[PDB]
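Position 54 of the sequence shown, counting from 1, maps to 212 under mature numbering (1 follows the signal peptide of the UniProt record, and there is no 0), and the rest follow consecutively.
Each residue gets a CB set at the ideal place from its N, CA and C atoms; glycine is no exception.
Taking it in order: structure first as C-alpha cells, then the write-up.
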Amino acid sequence: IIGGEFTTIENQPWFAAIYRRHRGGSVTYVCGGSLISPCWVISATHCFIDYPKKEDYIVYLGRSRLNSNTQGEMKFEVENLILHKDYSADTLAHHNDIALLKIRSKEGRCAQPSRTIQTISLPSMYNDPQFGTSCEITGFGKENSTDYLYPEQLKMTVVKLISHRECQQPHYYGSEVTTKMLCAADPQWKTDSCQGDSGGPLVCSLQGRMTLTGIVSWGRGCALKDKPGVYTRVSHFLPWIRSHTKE
Ligand SMILES: *[C@@H](O)[C@H](CCCN=C(N)N)NC(=O)[C@H](C)NC(=O)[C@@H](CO)NS(=O)(=O)CCc1ccccc1
C-alpha cells in the first residue's frame, strides 16, 4: 500500500495472510486474501499459478504483523487449491484473476469467529456500487515502488471507483481493461495498492453492508497518474464461486 496508514487486524477481521514454505525452513509472504466463509478464502490465481502445490501454503487469520505472532491468530493448511481455468496474462491485463483456497487446521477444523476473525460478504448478481464511491484496500505490500522489503505492520487506504468508460480512455488502459475488471484510484494519484498487495480485498460499503467488491490484480506501476489499480470484479464471478464451494 502506497500512502494510506497502518491499521490492525481488528479493523480488517476478514484479512488472510498467505505464505509459502521453502526447502530448508524459510517462509516468505505471497499474497493477501479474504475469508468469505469459515472454510473458504478467496484470492487471486496469479499468486499460485507458478507453484500450484497446496502443501506449500500456510494461511493465517487474525494476523497484524508480517513476521511475528498476534494474540488470537490461527494457522491453517490448504485442503484444496482452486485456480480459474481461463486465467491468462497479457501485456498488462490479468484475466479471470480469482482463486479459492479451502482451509483446515491441524485438528481438521475450519475458522472460529472472533474479534479478529470474521467473514466478509459477497456482492449480489451484477450489483456494484455507483462509480465515484469510496472503498478501502488492505495489505502487507510495498510502500514505495523502489522498496524491495515489505512493511511489518498491516496497512490500509481509501480509493475511489472509476467508471469503465474513463478507464478505457487512451491515456489510461484503453481496451486492455474489460467489464470483468474494476478500476480504482485516488483522485490525486497519491495512494494505491502495489506489489505484495495482490489477492487482497477491495471493500466497499454497499447499502450499509461491507462487501468484497474486488480483488487486487494489476496495474501499470504504483500510484502513477492516469494509471488506476485494476481489481477482479467479484460480482461477475458469483456462479463460479458457488459451484466450486459446494462439495
Ligand atoms: C500483486 O501481485 C500486484 C498488484 C499490483 C497493484 N498495482 C496497482 N497499481 N494497484 N500485481 C502484479 O504485480 C501483477 C501480476 N502484474 C502487474 O501489475 C504488472 C503487469 O500489469 N504491472 S507492472 O507495471 O509491469 C508492475 C511492475 C512495476 C513497474 C514499475 C513500478 C512499479 C511496479
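query: What's the call for residue 329, buried or exposed, on a 16-neighbour Cβ count within 10 Å?; result: exposed
query: Taking the C-alpha atoms as reference points, what is the distance between residue 191 and residue 327?; result: 30 Å
query: Write down the C-beta distance between residue 371 and residue 360 rounded to the nearest angstrom, noting that I regard them as a contact closer than 8 Å.; result: 5 Å
query: Less than 7 Å between C-beta atoms, sequence neighbours within five positions excluded: which residues of the same chain meet that for residue 221?; result: 167, 175, 228 and 231
query: Using a Cβ distance threshold of 8 Å, determine whether the stretch 237–253 contacts the stretch 289–300, with at least three qualifying pairs required.; result: no
query: State the Cα-Cα distance for the pair residue 409 and residue 171, rounded to the nearest angstrom.; result: Since the first and last residues shown for the chain are 159 and 405, residue 409 lies out of range.
query: DSSP three-state label for residue 393, please.; result: helix
query: Check whether the stretch 252–261 and the stretch 374–383 are in contact - that is, three or more C-beta pairs closer than 8 Å.; result: yes
query: Fully enclosed by the stretch 297–346, which alpha helix (DSSP H) runs are 4 residues long or longer?; result: 322–325
query: Exposed or buried, residue 385, counting other C-beta atoms within 10 Å across all chains shown (16 or more means buried)?; result: buried
query: Which of helix, strand or coil does DSSP assign to residue 376?; result: strand
query: Based on the DSSP secondary-structure assignment, which residues constitute the bridge partners of residue 294?; result: 316 and 361
query: Measuring straight from C-alpha to C-alpha, what distance separates residue 225 and residue 178?; result: 13 Å
query: Once DSSP output is grouped into helix, strand and coil, what is the label at residue 263?; result: coil
query: Drop a sphere of 10 angstroms on the beta-carbon of residue 218, count the other beta-carbons inside from all chains shown, and report buried for 16 or more, exposed for fewer.; result: buried
query: How about residue 329: is its Cβ closer than 7 Å to a heavy atom in ligand 1?; result: no
query: Please determine if the stretch 180–198 and the stretch 258–277 are in contact, where contact requires at least 3 C-beta pairs separated by less than 8 Å.; result: yes
query: Ignoring anything shorter than 3 residues, give me the beta strand (DSSP E) runs that lie fully in the stretch 196–281, in order along the chain.; result: 198–201, 215–219, 232–241 and 257–262
query: For residue 185 versus residue 216, is the C-beta spacing smaller than 8 Å?; result: yes
query: Can you tell me which residues form a DSSP beta bridge with residue 193?; result: 199
query: Quick one, which of 250, 268 and 240 has its alpha-carbon nearest residue 234's?; result: 268
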